[PDB]
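Participant: Coordinates only, no sequence provided:
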């Protein structure tokens, strides 16, 4: 049976991002998606991004190692007040797998991971670094990215690389987790 969007096992970091109260979900239409390999806690570090998104008139999904402290509190308050349109979730997975799956999302959605591991600054992130998708649906336990806008050639090149990893894997556990990555990418592609 077809895979319906890329879905991963992390849900909203706050119930106040919910914008569909009757179903208990966040539904974002045509959102930009900020991917970052760090915990975000300084609200002043997010201003450039929040500002770019506001001009473009689109909601924002944040996927980061975590979103906490002042940054999280300001996004929650400002979402409740209707000043911003944002939702935040943790990146799925652990260790290297977390990083691999963040880049899988980047590729699917045309975005660039904001990586402090290579010296990137969240504060210099632009609109172009953000991924985009037709929609995102978040509930307590999962996030589903639908129709990523990434280039097909780049999504298939990422799949092919994963399939090489599967051939070269000796662990069934490891093999199953690589297979699951493939299925999520294929589920996230925009068809029609």
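Facilitator: Cool, got the structure. Numbering: from 1, shown residues only.

Participant: For the protein, list the residue farthest from the centre, please.
Facilitator: residue 170 (29.4 Å; C-alpha atoms, centre = their mean).

Participant: What separation is there between that one and residue 178?
Facilitator: Noted for residue 170: a distance of 12 Å to residue 178, by C-beta to C-beta, to the nearest Å. Where C-beta positions appear, they are placed from N, C-alpha and C, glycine not excepted.

Participant: next one: residue 149
Facilitator: As judged by C-beta to C-beta, residue 149 and residue 178 stand 24 Å apart.

Participant: do residue 27 as well
Facilitator: 30 Å.

Participant: between those two, which one's more packed in?
Facilitator: residue 178 (20 against 16; other C-beta atoms under 10 Å).

Participant: who's in contact with whichever strand or helix holds residue 108?
Facilitator: Secondary structure assignment for residue 108, by DSSP states H and E: helix 95-109. If you take C-beta atoms under 8 Å, 6 or more residues apart in numbering as the criterion, helix 95-109 is touched by 6, 8, 33, 35, 37, 63, 65, 91-93, 111-113, 131-133, 145, 148-150, 154-155, 158, 177, 181, 184-185, 188-189.

Participant: cool, and stretch 38-46?
Facilitator: With C-beta under 8 Å, 6+ apart, stretch 38-46 has contacts from 62, 64-72, 74-75, 88, 114, 116, 121-123.

Participant: So among those, which ones count as buried?
Facilitator: 62, 64, 65, 66, 67, 71, 72, 74, 75, 88, 114, 122 (16 or more other C-beta atoms under 10 Å).

Participant: got the contact list for the residue nearest the centre of the chain?
Facilitator: For the chain, the residue sitting closest to the mean C-alpha position, by C-alpha atoms, centre = their mean, is residue 63 at 4.3 Å. When contacts are counted by C-beta under 8 Å, 6+ apart, residue 63 touches 33, 34, 35, 36, 88, 89, 90, 91, 102, 105, 143.

Participant: out of the residues you listed, which are inside strands?
Facilitator: Mapping those onto strands (DSSP state E) picks out 33, 34, 35, 36, 88, 89, 90, 143.

Participant: Give me the neighbour count for the nearest residue to residue 178 once chain neighbours are set aside.
Facilitator: Among residues not flanking residue 178 along the chain, residue 166 sits closest, at 4.8 Å (C-beta to C-beta, 6 or more residues apart in numbering). If you count neighbours by other C-beta under 10 Å, residue 166 ends up with 15.

Participant: so residue 166 sits right up against residue 177, yeah?
Facilitator: No. Residue 166 lies out of contact with residue 177 (C-beta atoms under 8 Å); the separation is 9.8 Å.

Participant: Check the secondary structure at residue 112 for me.
Facilitator: coil (DSSP: H, G, I helix; E, B strand; the rest coil).

Participant: which residues touch the closest residue to it other than its chain neighbours?
Facilitator: Excluding the flanking residues, the one nearest residue 112 by C-beta to C-beta, 6+ apart is residue 129, at 4.3 Å. When contacts are counted by C-beta under 8 Å, 6+ apart, residue 129 touches 34, 111, 112, 114.
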